[PDB]
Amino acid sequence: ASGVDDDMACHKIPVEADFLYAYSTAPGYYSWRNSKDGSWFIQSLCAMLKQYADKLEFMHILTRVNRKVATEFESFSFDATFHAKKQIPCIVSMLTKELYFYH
């Protein structure tokens, strides 16, 4: 096989490559924060990092964060409009390799 768009002599990578965006919420949605304990996302992120950073690849850690936030949290508000709402973090990966905080 051969073509016009592969196996370049000079190796290059996208300037947008190797970025990872760990969003607290889905596109277009509000993000929740407990006025006393902090945001649902950061609470969960720190808990999962402390528990799995030396055991799991980053994407799998972030997946645990997604589940923790989605299952354990629900908003409480005197305003019915904002009461009993849910949240699901959003992992956006443009990484090109697996990432382990340990070696």
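The first residue of the shown sequence is 1; numbering continues from there.
Judged by mean Cα B factor in the deposited record, 78-86 ranks above the other of 78-86 and 18-26.
The deposited model assigns a higher average Cα B-factor to 34-42 than to the other stretch when 69-77 and 34-42 are compared. Among the modelled residues of the chain, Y102 sits in the highest third by CA temperature factor in this PDB entry. Sort the chain's modelled residues by C-alpha temperature factor and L56 lands in the highest third, per the entry.
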